[PDB]
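In what follows, a single structure is set out as structure tokens and then discussed.
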Amino acid sequence: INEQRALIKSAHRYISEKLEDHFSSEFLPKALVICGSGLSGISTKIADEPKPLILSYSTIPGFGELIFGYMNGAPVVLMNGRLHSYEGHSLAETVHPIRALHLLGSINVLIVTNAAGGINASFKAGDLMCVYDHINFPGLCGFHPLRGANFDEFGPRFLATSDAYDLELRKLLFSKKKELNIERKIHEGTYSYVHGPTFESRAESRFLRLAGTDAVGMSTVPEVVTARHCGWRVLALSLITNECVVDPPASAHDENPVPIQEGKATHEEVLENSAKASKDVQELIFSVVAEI
Amino acid sequence: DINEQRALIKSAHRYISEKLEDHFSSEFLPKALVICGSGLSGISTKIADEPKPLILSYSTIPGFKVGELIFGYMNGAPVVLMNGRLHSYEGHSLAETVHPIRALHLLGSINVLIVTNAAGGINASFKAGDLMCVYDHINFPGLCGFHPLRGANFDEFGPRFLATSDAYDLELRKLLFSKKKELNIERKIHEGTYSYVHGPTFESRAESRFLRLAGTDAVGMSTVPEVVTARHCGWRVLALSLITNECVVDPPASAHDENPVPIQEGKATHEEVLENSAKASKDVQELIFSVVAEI
Amino acid sequence: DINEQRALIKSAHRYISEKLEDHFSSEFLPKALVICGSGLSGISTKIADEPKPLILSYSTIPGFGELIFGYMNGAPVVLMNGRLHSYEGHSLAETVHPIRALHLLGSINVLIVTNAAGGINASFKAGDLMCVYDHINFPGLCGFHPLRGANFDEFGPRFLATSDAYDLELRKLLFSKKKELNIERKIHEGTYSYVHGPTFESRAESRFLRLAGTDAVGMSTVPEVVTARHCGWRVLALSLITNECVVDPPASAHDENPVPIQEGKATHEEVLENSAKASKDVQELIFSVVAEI
Ligand code: HPA
Ligand code: HPA
Ligand code: HPA
């Protein structure tokens, strides 16, 4: 833990010095925006003045790029590039940026998006889901970002997660949907984090629905839990990029079977629907960030 | 590396056995191991002063990591107490966590594990302050690969494939309820299923709802690896959970609610767990003290 | 680490390939890998004497129990006799290594795999078979996943669908051969749940598995299935129901005439006894199926 602490310190030391050298007045970001699915182009919405700062991950200790600048009048930090647990990284590596950035002392809000399969039978690809709760499946079984010695200078040994998704931020999001007259459906529901990288089988999706899942994805919950451990408020927004297949597969006894490949999830589909929802998601987040 | 685990178990047992020989006048053959989790932090005081008990710090015993083992007579019965158990969420391997059970099994006399812990109430009828006699468990991490028997089998202790459908001895549970009645303890003792989850987070609302749906009556971050290991060694097991808090299961306030309930309302805290553990300690302590005397 | 796994896979394939070329006078291109789990331990005896089969002990193959290469019912196959179960402490990469090594031969397009399983579906009886047409990979959902790590781009996609994991035509082939062979043994079609083991499930765990949609539970096979699919192979999976899981709640301390909690408990002895009983049928089924893959 003591070496993790050193890495986090070194990272903060590097970042804060770049900031004070780059910005005329002290740059104190209010929000970290993990620019996942839907948010690939929101950095273009960063204001020209003051000139934004772009730090490559490669030059930051423990860390793709961080972008520092003003967005709709508000000072933010953007993460373009994230580490997914299915790539083999430890969860400490995944959430290192949150802990490093916490040391700036100004960030109080995490805004994070991701792609997700719709488990709720009412959801359609293209819909969004504002996350109000989650199930951390890997967390229940030992794959937990807080496993190990507690970072006492950050948060408590035992962290409650029944209050993870700030109600006021969710109300802010829906007020901006209405204000912008965005017609895209925004559900409110439970996000289940599963490790991946497989898409769910039919039986797995049926299990997840039975378990109370509205949408399933392969990221975000470790970052949410770590941000909550640091005391941050969290807004999480899922893009429903595909409808999960839940019907039993064709029986060998069926006269006219539905092909088992029919409607199967693909990364191509995820990418295509992420791009379609991108303008709405970026404009929603653009509006929300000003009022934080 | 089962070899190196074996070496650790053997050296720990060597150390313990030799200390017992040096300390006690007569041979000391404990019949039970009591793991003193929540509500049992004080039961070491009930160990008889005569003959003088032996205290072994985890720091002085091989393989033990930290915490102490206390060897003595409780209510006329020779026992070993474990104070200061290890937890997986702290980063220890499950091997490290259950190592004490294997080391103590080599004394050849222990045939019962008695374990206590704190648990969140998942069953809607449970209240803070209630107890739950455990009659079944769900080993969630174990199903997924975080399992105390993972690795080469300790064939000198038990079978490669261990049944767990019979983990919680019926006669010991009946004894528990007998003593409850004998002691006139008015505190409720439920009978139910304990689910082991890794922690160290308290469950989200959806997580608790999932646990409830899966058949959980109480949830905690300990005990099941020790139970499974004790069963692999062929011991009987009595497990008792302190319901320290009622898990929040209702959905959080909707952004569309005009009169939303604060999402932090009723949130679990370690402070509440400690406070309720303490309020229950007297009853839990008298209960176990009474049980050990009748095997 | 993917560097190391790739080196092992390359070295294993080279060793196997060289042995095949020396051993068989004609080029040997197996079309199926048969993982000879429960019910299949004797199927190697149905390998044709001519051409003489090649047996490769695991201890001589890099990264690897024996591999048997030969002709079965006219078809070139490789048999895995010996598998590595995760509960023994092996990584999932080591467990599925043979599939990636053998994929480099460039001819296998089908995995046939058997295993023993506990019946979770209340209608299943010991002695029944279950043709798998879906699974739940509980360990995989929670992080214990054979594709965890950098992706093997040479084999398949970063993100793999598993809603189509159990080939329909192969399942129809299996049931056709059951009919043709006049096998009266029941063959269910349902969902296999993989759990780590090595414990047999508690009553509460089985009850949980049942409500999750499990028909049969076992401690193997799903990581192999997922890996074969990642390689683009078709999969036929067949479980032997070797015991009926204990699911009823245990006796209450308040019961007057409690049912003994030990009654009906699972034992490895029972698993092996029932695997033995079903073995003739399972071998006859797989033998006839490979002729048409
Ligand atoms: O169907 C899905 N499952 C898991 N993660 C996902 N991310 C996008 N779609 C999915
Ligand atoms: O709510 C809880 N969850 C998990 N472990 C616990 N130990 C006491 N309360 C709880
Ligand atoms: O009951 C069982 N559970 C898990 N694996 C099994 N393999 C055979 N029977 C079982």
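Here's the yes/no breakdown for (1) under 30 Å from B:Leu287 (Cβ atoms); (2) in contact with a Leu (Cβ under 7 Å, 6 or more places away or on another chain); (3) among the hydrophobic types (A, V, I, L, M, F, W, C):
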position: B:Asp1; (1), (2), (3): no, no, no
position: B:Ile16; (1), (2), (3): yes, yes, yes
position: B:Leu33; (1), (2), (3): yes, yes, yes
position: B:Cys36; (1), (2), (3): yes, yes, yes
position: B:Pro62; (1), (2), (3): no, yes, no
- How about segment B:250-295: which of its residues are surrounded by 19 or more Cβ atoms within 10 Å (Cβ to Cβ) and within 15 Å of A:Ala160 (Cα to Cα)? B:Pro252, B:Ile263, B:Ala268, B:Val273
- Query: Counting only residues that are in a helix (DSSP H, G or I) and under 20 Å from B:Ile110 (Cα atoms), how many does segment B:82-95 have?
  - Reply: 1
- Task: Report whether or not A:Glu262 is of a type in the set (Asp, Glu) and assigned to a helix (DSSP H, G or I).
- Result: no
- Looking only at helices (runs of 4 or more DSSP H) that fall completely inside segment A:143-248, which ones have 2 or more residues that are among the basic types (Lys, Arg) and over 30 Å from C:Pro223 (Cα atoms)? A:167-179
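Residue by residue, here is whether (1) within 14 Å of chain B (Cβ to nearest Cβ); (2) farther than 25 Å from C:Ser91 by Cα; (3) among the β-branched types (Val, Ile, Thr) holds:
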position	(1), (2), (3)
C:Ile136	yes, no, yes
C:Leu141	yes, no, no
C:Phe152	no, no, no
C:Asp167	no, yes, no
C:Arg171	no, yes, no
C:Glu180	no, yes, no
C:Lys186	no, yes, no
C:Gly190	no, yes, no
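Results for (1) within 14 Å of the chain's Cα centre (by Cα); (2) of a type in the set (D, E, K, R), shown as yes or no for each residue.
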position: C:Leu170; (1), (2): no, no
position: C:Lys179; (1), (2): no, yes
position: C:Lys186; (1), (2): no, yes
position: C:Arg203; (1), (2): no, yes
position: C:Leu211; (1), (2): no, no
position: C:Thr227; (1), (2): yes, no
- Task: Taking B:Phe28 as the residue in question, decide whether it is away from ligand 3 (no atom under 16 Å from the Cβ), closer than 27 Å to B:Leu240 by Cα and out of contact with any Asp or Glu (no Cβ under 6 Å at 6 or more places or on another chain).
- Result: yes
- Task: Kindly indicate the residue of segment C:251-293 that is basic (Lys, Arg) and closer than 27 Å to C:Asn73 by Cβ and also nearest to the other protein chains (Cβ to nearest Cβ) among those meeting that condition.
- Result: C:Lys277
- Here the residues within segment B:204-238 that are more than 7 Å from every other protein chain (Cβ to nearest Cβ), within 14 Å of ligand 2 (Cβ to nearest atom) and in contact with a strand residue (DSSP E or B) (Cβ under 9 Å, 6 or more places away or on another chain) are B:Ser208, B:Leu211, B:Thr216, B:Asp217, B:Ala218, B:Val219, B:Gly220, B:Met221, B:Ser222, B:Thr223, B:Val224
- Task: Residues being β-branched (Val, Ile, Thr) and either within 16 Å of ligand 3 (Cβ to nearest atom) or in a loop (DSSP other than H, G, I, E, B) (or both): count how many of those fall in segment A:265-292.
- Result: 2
- Task: Working carefully through the options B:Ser208, B:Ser222, B:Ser204, find the one that is away from ligand 1 (no atom under 16 Å from the Cβ), within 23 Å of C:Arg210 (Cα to Cα) and buried (at least 18 other Cβ atoms within 10 Å of the Cβ).
- Result: B:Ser208
- Of the residues that sit in segment B:109-125 and are more than 8 Å from ligand 2 (Cβ to nearest atom) and under 14 Å from B:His190 (Cβ atoms), which one is surrounded by the most Cβ atoms within 10 Å (Cβ to Cβ)? B:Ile122
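Here Cβ is always computed from backbone atoms with ideal geometry, including for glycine, and neighbour counts include all displayed protein chains. Each reported figure results from applying straightforward, stated rules to the coordinates on display, with no laboratory input.
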